[PDB]
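Asker: Okay, handing you the structure first.
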Amino acid sequence: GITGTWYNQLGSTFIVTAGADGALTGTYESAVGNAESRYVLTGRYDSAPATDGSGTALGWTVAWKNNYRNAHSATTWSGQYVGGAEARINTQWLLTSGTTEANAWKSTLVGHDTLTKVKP
Amino acid sequence: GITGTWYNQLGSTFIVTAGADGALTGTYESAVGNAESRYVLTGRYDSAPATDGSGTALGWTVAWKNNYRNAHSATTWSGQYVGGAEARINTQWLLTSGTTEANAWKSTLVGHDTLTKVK
Amino acid sequence: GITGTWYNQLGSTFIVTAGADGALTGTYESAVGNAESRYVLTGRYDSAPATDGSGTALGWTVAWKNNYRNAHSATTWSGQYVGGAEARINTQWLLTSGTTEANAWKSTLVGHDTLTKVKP
Amino acid sequence: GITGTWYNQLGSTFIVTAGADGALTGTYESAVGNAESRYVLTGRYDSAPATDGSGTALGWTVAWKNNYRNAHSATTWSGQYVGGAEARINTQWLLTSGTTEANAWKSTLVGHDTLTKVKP
Ligand SMILES: O=C(O)CCCC[C@@H]1SC[C@@H]2NC(=O)N[C@@H]21
Ligand SMILES: O=C(O)CCCC[C@@H]1SC[C@@H]2NC(=O)N[C@@H]21
Ligand SMILES: O=C(O)CCCC[C@@H]1SC[C@@H]2NC(=O)N[C@@H]21
Ligand SMILES: O=C(O)CCCC[C@@H]1SC[C@@H]2NC(=O)N[C@@H]21
């Protein structure tokens, strides 16, 4: 159910393939921030989730460098896939920028993204 | 500078290879939690960082399933590599457990790990 | 715009008075977790928000001890108040439980609550 | 115990009084960021912690407005007091800036501060 094209609340696009042994591969395009076009992502998911109603744990990373720009930053999303009539991925994320040691206290933004397969 | 074995403040071991393109691949072994032996990790790093002494941004994911057990959870670490005599990878992490929707509010732990070349 | 009763997505109830001195005072009642009845909250808010269309930054703390139980934990919420017809307080939170040092790595849950004037 | 003057790893100063009612009151002065001089804080702590070696849960809030400056932001620290020979407070924090709706995704920084009573 994870394999597909997903969109978050900002209008960003998450194109992912879930491999049979836990791999996530694909591309991410952010609607916001110091970013343009598509970026490589990789991650992991639980390929044998519980069967008791629980979601499927997963996470992935984007380093914000591509052929067009380099933000010197990386985001990781940690969350779960929730199956149902409308499948959803609920995440929290951490966006770390490369900083000097003096500025490291303000290196990391935190937020939450929810994704569905509905195109905006 | 990223490639190799790193140790965190909990006694865990991060073994990673940084590819020329920005790929991170390797294994993670946690000293704590619902974990035994090594787990696959994958992630990404900035392969063309600033040259002013700023850190190199990176992140990786472990899904806590291996040949030996499955915790039904995943951790992501987001942080930066700082090189030099006292090299370090400083991270914050999010550990999400599969939950029912009613329990989703308590799905996610947050913390911070510092990794060094010597334990 | 802040003083009064607010409800989050879990069904919890936030009762607050925003004082001229920047103070937040009131009670919190959680629909979930190791909690029953009302708990004291205190916090702070920006009493002179930006002259533009920006939210009002605020935060508050509950220690989860009242006359009935003690969960040996505390939650802080950090966020912003957005006024208008569909007024909202959008927050992220950190729930820290008292733990031994060996277990400190798993002391802190993170999440996000959205509060509205009408119960969802 | 908690009452006293604490310094964090950045050199910031946390002057706090822990009341018998579970209240924290005092002032905070940051070594970094969009801040000058002292700011009011308020928070809560577990006034009847466990006796099994666990820490004491606590949290507090600063809104970054005083007589001199307004950053239109608020930080909450959530953590625990660890009562060794050398007492320490270990926290994680959320710093939310007031933003427009379109920029709300980048409203919140996350980090971790550790404090002791040792004057740097
Ligand atoms: O500005 C940067 O440093 C790079 C782009 C960051 C975009 C972030 S990642 C978290 C959030 N979710 C999105 O889809 N976009 C923003
Ligand atoms: O308990 C689980 O669900 C799986 C093991 C989690 C171990 C966590 S990941 C973040 C922190 N850093 C570590 O080295 N181990 C813990
Ligand atoms: O279980 C505990 O330790 C005390 C109750 C915690 C309830 C949390 S606070 C964050 C979230 N928002 C709520 O309204 N309830 C939960
Ligand atoms: O820049 C601002 O918006 C106001 C000042 C914020 C200072 C932060 S709060 C968390 C961290 N710990 C500190 O002692 N200072 C910084």
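FYI, nothing fancy with the structure tokens labels: chains A, B, ... in order, residues from 1 per chain, ligands from 1 as they appear.
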Once chain D has been least-squares superposed onto chain A, matching all their Cα atoms in order, can you return it as a PDB file with C-alpha atoms, in the first residue's frame?

Answerer:
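For reference, superposed19.pdb as written:
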ATOM      1  CA  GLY D   1      -0.007   0.033   0.084  1.00  0.00           C
ATOM      2  CA  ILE D   2       2.932   2.454   0.495  1.00  0.00           C
ATOM      3  CA  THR D   3       4.138   2.322  -3.116  1.00  0.00           C
ATOM      4  CA  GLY D   4       2.700   5.225  -5.099  1.00  0.00           C
ATOM      5  CA  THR D   5       2.494   8.998  -5.405  1.00  0.00           C
ATOM      6  CA  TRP D   6       1.526  10.914  -2.282  1.00  0.00           C
ATOM      7  CA  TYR D   7       0.851  14.589  -1.580  1.00  0.00           C
ATOM      8  CA  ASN D   8       1.213  16.319   1.778  1.00  0.00           C
ATOM      9  CA  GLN D   9      -0.717  19.200   3.314  1.00  0.00           C
ATOM     10  CA  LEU D  10       1.679  21.745   1.763  1.00  0.00           C
ATOM     11  CA  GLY D  11       1.262  20.308  -1.732  1.00  0.00           C
ATOM     12  CA  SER D  12       4.635  18.561  -1.788  1.00  0.00           C
ATOM     13  CA  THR D  13       4.954  15.358  -3.837  1.00  0.00           C
ATOM     14  CA  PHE D  14       6.362  12.059  -2.474  1.00  0.00           C
ATOM     15  CA  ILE D  15       6.918   9.382  -5.151  1.00  0.00           C
ATOM     16  CA  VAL D  16       7.937   6.163  -3.452  1.00  0.00           C
ATOM     17  CA  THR D  17       8.451   2.476  -4.119  1.00  0.00           C
ATOM     18  CA  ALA D  18       8.292   0.088  -1.163  1.00  0.00           C
ATOM     19  CA  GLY D  19      10.481  -2.955  -1.812  1.00  0.00           C
ATOM     20  CA  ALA D  20      10.092  -6.456  -0.368  1.00  0.00           C
ATOM     21  CA  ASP D  21      13.464  -5.978   1.457  1.00  0.00           C
ATOM     22  CA  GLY D  22      11.994  -3.121   3.600  1.00  0.00           C
ATOM     23  CA  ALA D  23      13.487  -0.404   1.366  1.00  0.00           C
ATOM     24  CA  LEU D  24      11.850   2.871   0.406  1.00  0.00           C
ATOM     25  CA  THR D  25      13.192   4.576  -2.730  1.00  0.00           C
ATOM     26  CA  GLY D  26      11.934   7.492  -4.793  1.00  0.00           C
ATOM     27  CA  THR D  27      11.872  11.267  -5.136  1.00  0.00           C
ATOM     28  CA  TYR D  28      10.562  14.205  -3.161  1.00  0.00           C
ATOM     29  CA  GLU D  29       9.545  17.626  -4.443  1.00  0.00           C
ATOM     30  CA  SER D  30       8.806  20.330  -1.849  1.00  0.00           C
ATOM     31  CA  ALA D  31       6.172  23.026  -2.278  1.00  0.00           C
ATOM     32  CA  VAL D  32       8.160  25.217   0.133  1.00  0.00           C
ATOM     33  CA  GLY D  33      11.639  26.095   1.353  1.00  0.00           C
ATOM     34  CA  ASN D  34      15.075  26.208  -0.233  1.00  0.00           C
ATOM     35  CA  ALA D  35      14.263  23.622  -2.857  1.00  0.00           C
ATOM     36  CA  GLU D  36      13.548  23.201  -6.551  1.00  0.00           C
ATOM     37  CA  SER D  37      12.643  20.171  -8.623  1.00  0.00           C
ATOM     38  CA  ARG D  38      13.075  16.594  -7.388  1.00  0.00           C
ATOM     39  CA  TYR D  39      15.430  15.230  -4.754  1.00  0.00           C
ATOM     40  CA  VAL D  40      16.439  11.635  -4.110  1.00  0.00           C
ATOM     41  CA  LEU D  41      14.996   9.894  -1.044  1.00  0.00           C
ATOM     42  CA  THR D  42      15.750   6.642   0.651  1.00  0.00           C
ATOM     43  CA  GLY D  43      14.222   5.003   3.716  1.00  0.00           C
ATOM     44  CA  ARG D  44      12.951   1.892   5.423  1.00  0.00           C
ATOM     45  CA  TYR D  45       9.644   0.477   6.510  1.00  0.00           C
ATOM     46  CA  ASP D  46       8.362  -2.444   8.536  1.00  0.00           C
ATOM     47  CA  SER D  47       7.680  -5.113   5.896  1.00  0.00           C
ATOM     48  CA  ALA D  48       5.837  -7.407   8.353  1.00  0.00           C
ATOM     49  CA  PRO D  49       3.574  -5.099  10.373  1.00  0.00           C
ATOM     50  CA  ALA D  50       1.312  -6.150  13.177  1.00  0.00           C
ATOM     51  CA  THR D  51      -2.138  -7.501  12.251  1.00  0.00           C
ATOM     52  CA  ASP D  52      -3.944  -5.946  15.265  1.00  0.00           C
ATOM     53  CA  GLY D  53      -5.042  -2.663  13.598  1.00  0.00           C
ATOM     54  CA  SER D  54      -1.705  -0.914  14.145  1.00  0.00           C
ATOM     55  CA  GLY D  55      -0.008   1.229  11.492  1.00  0.00           C
ATOM     56  CA  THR D  56       3.136   0.368   9.605  1.00  0.00           C
ATOM     57  CA  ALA D  57       6.247   2.167  10.872  1.00  0.00           C
ATOM     58  CA  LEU D  58       8.421   3.916   8.258  1.00  0.00           C
ATOM     59  CA  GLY D  59      10.935   6.660   7.736  1.00  0.00           C
ATOM     60  CA  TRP D  60      12.880   8.354   4.961  1.00  0.00           C
ATOM     61  CA  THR D  61      15.529  10.984   4.341  1.00  0.00           C
ATOM     62  CA  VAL D  62      16.051  13.708   1.766  1.00  0.00           C
ATOM     63  CA  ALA D  63      19.386  15.572   1.519  1.00  0.00           C
ATOM     64  CA  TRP D  64      18.471  18.854  -0.178  1.00  0.00           C
ATOM     65  CA  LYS D  65      21.115  18.737  -2.896  1.00  0.00           C
ATOM     66  CA  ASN D  66      20.302  17.985  -6.489  1.00  0.00           C
ATOM     67  CA  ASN D  67      21.756  19.052  -9.870  1.00  0.00           C
ATOM     68  CA  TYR D  68      20.223  22.502  -9.529  1.00  0.00           C
ATOM     69  CA  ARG D  69      20.457  23.602  -5.912  1.00  0.00           C
ATOM     70  CA  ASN D  70      22.110  22.818  -2.571  1.00  0.00           C
ATOM     71  CA  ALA D  71      20.444  24.009   0.634  1.00  0.00           C
ATOM     72  CA  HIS D  72      23.056  22.244   2.823  1.00  0.00           C
ATOM     73  CA  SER D  73      20.300  20.560   4.814  1.00  0.00           C
ATOM     74  CA  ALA D  74      18.519  17.223   5.285  1.00  0.00           C
ATOM     75  CA  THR D  75      15.043  16.217   6.399  1.00  0.00           C
ATOM     76  CA  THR D  76      13.987  12.945   7.953  1.00  0.00           C
ATOM     77  CA  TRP D  77      10.362  11.908   8.250  1.00  0.00           C
ATOM     78  CA  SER D  78       9.417   9.307  10.854  1.00  0.00           C
ATOM     79  CA  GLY D  79       5.866   8.024  10.948  1.00  0.00           C
ATOM     80  CA  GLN D  80       3.328   5.382  10.075  1.00  0.00           C
ATOM     81  CA  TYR D  81       1.203   4.235   7.175  1.00  0.00           C
ATOM     82  CA  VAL D  82      -2.442   3.829   8.166  1.00  0.00           C
ATOM     83  CA  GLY D  83      -4.163   1.455   5.687  1.00  0.00           C
ATOM     84  CA  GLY D  84      -7.864   2.460   5.776  1.00  0.00           C
ATOM     85  CA  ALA D  85     -10.249   2.912   2.850  1.00  0.00           C
ATOM     86  CA  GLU D  86      -8.498   6.237   2.429  1.00  0.00           C
ATOM     87  CA  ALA D  87      -4.858   5.354   3.221  1.00  0.00           C
ATOM     88  CA  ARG D  88      -2.787   8.022   4.911  1.00  0.00           C
ATOM     89  CA  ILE D  89       0.788   8.474   6.035  1.00  0.00           C
ATOM     90  CA  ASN D  90       1.237  10.500   9.272  1.00  0.00           C
ATOM     91  CA  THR D  91       4.734  11.770  10.034  1.00  0.00           C
ATOM     92  CA  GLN D  92       6.794  14.020  12.168  1.00  0.00           C
ATOM     93  CA  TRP D  93       9.997  15.441  10.686  1.00  0.00           C
ATOM     94  CA  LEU D  94      13.377  16.931  11.566  1.00  0.00           C
ATOM     95  CA  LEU D  95      15.055  19.328   9.137  1.00  0.00           C
ATOM     96  CA  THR D  96      18.695  19.874  10.038  1.00  0.00           C
ATOM     97  CA  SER D  97      20.755  22.529   8.318  1.00  0.00           C
ATOM     98  CA  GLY D  98      24.536  22.442   8.304  1.00  0.00           C
ATOM     99  CA  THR D  99      25.677  25.187  10.698  1.00  0.00           C
ATOM    100  CA  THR D 100      28.709  26.490  12.523  1.00  0.00           C
ATOM    101  CA  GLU D 101      29.259  25.177  16.038  1.00  0.00           C
ATOM    102  CA  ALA D 102      28.125  28.470  17.556  1.00  0.00           C
ATOM    103  CA  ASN D 103      24.818  28.301  15.569  1.00  0.00           C
ATOM    104  CA  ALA D 104      24.155  24.593  16.038  1.00  0.00           C
ATOM    105  CA  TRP D 105      21.458  25.395  18.621  1.00  0.00           C
ATOM    106  CA  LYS D 106      19.309  26.652  15.718  1.00  0.00           C
ATOM    107  CA  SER D 107      20.152  23.915  13.255  1.00  0.00           C
ATOM    108  CA  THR D 108      16.921  21.871  13.440  1.00  0.00           C
ATOM    109  CA  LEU D 109      13.302  22.572  12.557  1.00  0.00           C
ATOM    110  CA  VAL D 110      10.549  20.188  13.605  1.00  0.00           C
ATOM    111  CA  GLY D 111       7.114  19.683  12.112  1.00  0.00           C
ATOM    112  CA  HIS D 112       4.490  17.190  11.011  1.00  0.00           C
ATOM    113  CA  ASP D 113       3.285  16.194   7.552  1.00  0.00           C
ATOM    114  CA  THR D 114       0.283  14.085   6.636  1.00  0.00           C
ATOM    115  CA  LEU D 115       0.003  12.555   3.190  1.00  0.00           C
ATOM    116  CA  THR D 116      -2.671  10.953   1.012  1.00  0.00           C
ATOM    117  CA  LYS D 117      -2.756   9.855  -2.654  1.00  0.00           C
ATOM    118  CA  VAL D 118      -5.315  12.627  -3.477  1.00  0.00           C
ATOM    119  CA  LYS D 119      -3.912  15.058  -6.059  1.00  0.00           C
ATOM    120  CA  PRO D 120      -4.633  18.608  -4.821  1.00  0.00           C
TER     121      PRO D 120
END

Asker: Grab me every residue within 9 Å of ligand 2, counting only C-alpha atoms and all ligand atoms, and send it over as a PyMOL selection string.

Answerer: (chain B and resi 7-14+28-36+62-65+70-77+92-97+109-113) or (chain C and resi 105-106)

Asker: If DSSP is run on the backbone, what residues of segment 1-116 of chain B are strand (DSSP E)? A reply as an mmCIF file with N, CA and C atoms, in the first residue's frame would be ideal.

Answerer:
data_model
loop_
_atom_site.group_PDB
_atom_site.id
_atom_site.type_symbol
_atom_site.label_atom_id
_atom_site.label_comp_id
_atom_site.auth_asym_id
_atom_site.auth_seq_id
_atom_site.Cartn_x
_atom_site.Cartn_y
_atom_site.Cartn_z
ATOM 1 N N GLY B 4 32.684 4.763 8.017
ATOM 2 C CA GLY B 4 33.320 4.015 9.098
ATOM 3 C C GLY B 4 32.386 3.741 10.256
ATOM 4 N N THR B 5 32.987 3.385 11.385
ATOM 5 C CA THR B 5 32.302 3.022 12.604
ATOM 6 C C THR B 5 32.275 4.209 13.587
ATOM 7 N N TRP B 6 31.083 4.468 14.123
ATOM 8 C CA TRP B 6 30.861 5.515 15.087
ATOM 9 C C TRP B 6 30.128 4.900 16.281
ATOM 10 N N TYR B 7 30.293 5.521 17.445
ATOM 11 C CA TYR B 7 29.703 5.068 18.689
ATOM 12 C C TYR B 7 28.936 6.212 19.330
ATOM 13 N N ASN B 8 27.753 5.948 19.861
ATOM 14 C CA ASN B 8 26.985 6.995 20.545
ATOM 15 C C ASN B 8 27.056 6.893 22.068
ATOM 16 N N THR B 13 26.258 1.296 18.074
ATOM 17 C CA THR B 13 27.283 1.305 17.020
ATOM 18 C C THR B 13 26.637 1.530 15.642
ATOM 19 N N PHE B 14 27.103 2.589 14.979
ATOM 20 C CA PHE B 14 26.685 3.039 13.662
ATOM 21 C C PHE B 14 27.830 2.776 12.693
ATOM 22 N N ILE B 15 27.574 1.904 11.716
ATOM 23 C CA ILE B 15 28.543 1.541 10.717
ATOM 24 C C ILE B 15 27.979 1.989 9.380
ATOM 25 N N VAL B 16 28.671 2.924 8.745
ATOM 26 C CA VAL B 16 28.122 3.563 7.571
ATOM 27 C C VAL B 16 29.166 3.714 6.472
ATOM 28 N N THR B 17 28.682 3.686 5.233
ATOM 29 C CA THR B 17 29.464 4.048 4.066
ATOM 30 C C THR B 17 28.763 5.202 3.383
ATOM 31 N N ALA B 18 29.523 6.262 3.163
ATOM 32 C CA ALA B 18 29.042 7.444 2.473
ATOM 33 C C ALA B 18 29.466 7.377 1.004
ATOM 34 N N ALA B 23 24.611 8.929 -0.989
ATOM 35 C CA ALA B 23 24.009 7.781 -0.331
ATOM 36 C C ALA B 23 24.695 7.454 1.009
ATOM 37 N N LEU B 24 23.895 7.064 1.990
ATOM 38 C CA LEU B 24 24.382 6.434 3.221
ATOM 39 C C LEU B 24 23.810 5.029 3.266
ATOM 40 N N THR B 25 24.669 4.041 3.494
ATOM 41 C CA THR B 25 24.271 2.661 3.659
ATOM 42 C C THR B 25 25.065 2.065 4.816
ATOM 43 N N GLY B 26 24.496 1.103 5.531
ATOM 44 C CA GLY B 26 25.248 0.412 6.565
ATOM 45 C C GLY B 26 24.363 -0.308 7.545
ATOM 46 N N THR B 27 24.833 -0.373 8.785
ATOM 47 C CA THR B 27 24.133 -1.129 9.835
ATOM 48 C C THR B 27 24.144 -0.364 11.124
ATOM 49 N N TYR B 28 23.102 -0.602 11.925
ATOM 50 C CA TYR B 28 22.969 0.019 13.241
ATOM 51 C C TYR B 28 22.752 -1.065 14.262
ATOM 52 N N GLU B 29 23.417 -0.934 15.404
ATOM 53 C CA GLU B 29 23.241 -1.852 16.512
ATOM 54 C C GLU B 29 22.973 -1.022 17.757
ATOM 55 N N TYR B 39 20.919 -3.950 12.327
ATOM 56 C CA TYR B 39 19.775 -3.621 11.476
ATOM 57 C C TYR B 39 20.279 -2.808 10.285
ATOM 58 N N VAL B 40 19.622 -2.981 9.150
ATOM 59 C CA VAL B 40 19.909 -2.196 7.964
ATOM 60 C C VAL B 40 19.550 -0.721 8.178
ATOM 61 N N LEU B 41 20.443 0.161 7.740
ATOM 62 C CA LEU B 41 20.118 1.581 7.632
ATOM 63 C C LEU B 41 20.363 2.086 6.224
ATOM 64 N N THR B 42 19.582 3.090 5.828
ATOM 65 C CA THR B 42 19.829 3.819 4.613
ATOM 66 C C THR B 42 19.514 5.271 4.893
ATOM 67 N N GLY B 43 20.209 6.149 4.190
ATOM 68 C CA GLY B 43 19.975 7.552 4.308
ATOM 69 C C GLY B 43 20.681 8.358 3.235
ATOM 70 N N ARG B 44 20.817 9.656 3.503
ATOM 71 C CA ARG B 44 21.366 10.596 2.553
ATOM 72 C C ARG B 44 22.215 11.616 3.284
ATOM 73 N N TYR B 45 23.215 12.160 2.590
ATOM 74 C CA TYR B 45 23.982 13.248 3.127
ATOM 75 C C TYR B 45 24.284 14.239 2.033
ATOM 76 N N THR B 56 28.162 19.085 7.906
ATOM 77 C CA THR B 56 27.607 18.416 6.736
ATOM 78 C C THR B 56 26.291 17.764 7.138
ATOM 79 N N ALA B 57 25.197 18.198 6.537
ATOM 80 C CA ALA B 57 23.874 17.717 6.884
ATOM 81 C C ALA B 57 23.685 16.298 6.396
ATOM 82 N N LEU B 58 23.022 15.487 7.214
ATOM 83 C CA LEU B 58 22.741 14.108 6.870
ATOM 84 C C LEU B 58 21.548 13.579 7.668
ATOM 85 N N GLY B 59 21.058 12.428 7.239
ATOM 86 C CA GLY B 59 20.070 11.691 7.982
ATOM 87 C C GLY B 59 19.970 10.258 7.527
ATOM 88 N N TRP B 60 19.414 9.408 8.389
ATOM 89 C CA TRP B 60 19.242 8.004 8.071
ATOM 90 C C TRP B 60 18.068 7.446 8.839
ATOM 91 N N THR B 61 17.615 6.282 8.344
ATOM 92 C CA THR B 61 16.497 5.538 8.903
ATOM 93 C C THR B 61 16.885 4.110 9.197
ATOM 94 N N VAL B 62 16.374 3.597 10.321
ATOM 95 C CA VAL B 62 16.380 2.175 10.645
ATOM 96 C C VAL B 62 14.938 1.773 10.889
ATOM 97 N N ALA B 63 14.449 0.761 10.161
ATOM 98 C CA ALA B 63 13.234 0.038 10.564
ATOM 99 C C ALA B 63 13.672 -1.159 11.418
ATOM 100 N N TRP B 64 13.126 -1.271 12.629
ATOM 101 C CA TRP B 64 13.625 -2.228 13.617
ATOM 102 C C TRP B 64 13.145 -3.667 13.419
ATOM 103 N N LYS B 65 13.353 -4.147 12.212
ATOM 104 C CA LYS B 65 13.120 -5.512 11.819
ATOM 105 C C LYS B 65 14.416 -6.051 11.211
ATOM 106 N N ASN B 70 11.341 -8.178 15.367
ATOM 107 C CA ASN B 70 10.671 -7.021 14.761
ATOM 108 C C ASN B 70 9.951 -6.261 15.834
ATOM 109 N N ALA B 71 10.394 -5.017 16.050
ATOM 110 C CA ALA B 71 9.815 -4.130 17.059
ATOM 111 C C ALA B 71 8.610 -3.333 16.543
ATOM 112 N N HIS B 72 8.328 -3.450 15.244
ATOM 113 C CA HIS B 72 7.245 -2.675 14.601
ATOM 114 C C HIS B 72 7.424 -1.165 14.845
ATOM 115 N N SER B 73 8.611 -0.672 14.530
ATOM 116 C CA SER B 73 8.990 0.704 14.792
ATOM 117 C C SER B 73 10.096 1.094 13.842
ATOM 118 N N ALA B 74 10.304 2.399 13.733
ATOM 119 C CA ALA B 74 11.361 2.965 12.904
ATOM 120 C C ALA B 74 11.901 4.218 13.554
ATOM 121 N N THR B 75 13.221 4.407 13.482
ATOM 122 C CA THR B 75 13.857 5.616 13.950
ATOM 123 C C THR B 75 14.493 6.305 12.774
ATOM 124 N N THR B 76 14.338 7.654 12.727
ATOM 125 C CA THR B 76 15.124 8.533 11.844
ATOM 126 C C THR B 76 15.989 9.442 12.682
ATOM 127 N N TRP B 77 17.220 9.610 12.216
ATOM 128 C CA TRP B 77 18.168 10.534 12.796
ATOM 129 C C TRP B 77 18.460 11.598 11.750
ATOM 130 N N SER B 78 18.361 12.855 12.182
ATOM 131 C CA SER B 78 18.636 14.060 11.375
ATOM 132 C C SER B 78 19.726 14.826 12.086
ATOM 133 N N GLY B 79 20.805 15.182 11.386
ATOM 134 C CA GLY B 79 21.856 15.899 12.041
ATOM 135 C C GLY B 79 22.935 16.409 11.136
ATOM 136 N N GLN B 80 24.106 16.606 11.713
ATOM 137 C CA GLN B 80 25.245 17.097 10.949
ATOM 138 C C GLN B 80 26.548 16.461 11.451
ATOM 139 N N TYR B 81 27.418 16.178 10.481
ATOM 140 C CA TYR B 81 28.771 15.720 10.695
ATOM 141 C C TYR B 81 29.693 16.925 10.819
ATOM 142 N N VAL B 82 30.543 16.898 11.840
ATOM 143 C CA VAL B 82 31.548 17.926 12.062
ATOM 144 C C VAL B 82 32.885 17.188 12.090
ATOM 145 N N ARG B 88 32.552 14.482 15.066
ATOM 146 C CA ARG B 88 31.293 14.132 15.693
ATOM 147 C C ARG B 88 30.179 14.126 14.684
ATOM 148 N N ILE B 89 29.186 13.278 14.900
ATOM 149 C CA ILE B 89 27.902 13.404 14.226
ATOM 150 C C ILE B 89 26.878 13.702 15.319
ATOM 151 N N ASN B 90 26.312 14.916 15.272
ATOM 152 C CA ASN B 90 25.314 15.365 16.226
ATOM 153 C C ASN B 90 23.939 15.272 15.612
ATOM 154 N N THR B 91 23.056 14.542 16.270
ATOM 155 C CA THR B 91 21.736 14.267 15.752
ATOM 156 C C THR B 91 20.608 14.515 16.745
ATOM 157 N N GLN B 92 19.424 14.689 16.176
ATOM 158 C CA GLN B 92 18.174 14.498 16.894
ATOM 159 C C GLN B 92 17.435 13.365 16.164
ATOM 160 N N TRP B 93 16.603 12.647 16.898
ATOM 161 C CA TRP B 93 15.937 11.493 16.315
ATOM 162 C C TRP B 93 14.466 11.427 16.703
ATOM 163 N N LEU B 94 13.713 10.715 15.864
ATOM 164 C CA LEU B 94 12.291 10.440 16.063
ATOM 165 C C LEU B 94 12.082 8.939 15.880
ATOM 166 N N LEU B 95 11.532 8.321 16.906
ATOM 167 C CA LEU B 95 11.295 6.878 16.927
ATOM 168 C C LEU B 95 9.777 6.679 16.968
ATOM 169 N N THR B 96 9.215 6.241 15.851
ATOM 170 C CA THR B 96 7.786 6.023 15.712
ATOM 171 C C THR B 96 7.494 4.518 15.752
ATOM 172 N N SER B 97 6.564 4.182 16.620
ATOM 173 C CA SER B 97 6.084 2.828 16.735
ATOM 174 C C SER B 97 4.759 2.716 15.999
ATOM 175 N N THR B 108 5.346 8.382 19.135
ATOM 176 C CA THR B 108 6.644 8.940 18.734
ATOM 177 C C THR B 108 7.474 9.469 19.906
ATOM 178 N N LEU B 109 8.643 8.855 20.110
ATOM 179 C CA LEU B 109 9.667 9.337 21.010
ATOM 180 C C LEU B 109 10.651 10.250 20.265
ATOM 181 N N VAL B 110 11.180 11.210 21.001
ATOM 182 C CA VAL B 110 12.180 12.126 20.479
ATOM 183 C C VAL B 110 13.401 12.155 21.402
ATOM 184 N N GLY B 111 14.578 12.258 20.797
ATOM 185 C CA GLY B 111 15.778 12.429 21.548
ATOM 186 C C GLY B 111 16.937 12.917 20.726
ATOM 187 N N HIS B 112 18.127 12.813 21.299
ATOM 188 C CA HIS B 112 19.339 13.328 20.682
ATOM 189 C C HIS B 112 20.498 12.392 20.953
ATOM 190 N N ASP B 113 21.264 12.082 19.908
ATOM 191 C CA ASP B 113 22.412 11.218 20.014
ATOM 192 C C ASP B 113 23.635 11.940 19.454
ATOM 193 N N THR B 114 24.751 11.774 20.132
ATOM 194 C CA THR B 114 26.040 12.248 19.681
ATOM 195 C C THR B 114 26.947 11.050 19.429
ATOM 196 N N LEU B 115 27.521 11.020 18.235
ATOM 197 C CA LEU B 115 28.352 9.926 17.761
ATOM 198 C C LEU B 115 29.775 10.395 17.594
ATOM 199 N N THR B 116 30.696 9.576 18.065
ATOM 200 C CA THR B 116 32.116 9.882 18.045
ATOM 201 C C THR B 116 32.876 8.718 17.458
#

Asker: What does the distance from atom 14 (O, counted along the ligand's line) of ligand 4 to atom CA of residue 53 of chain B come to in Å, to one decimal?

Answerer: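 So the answer is 22.9 Å.
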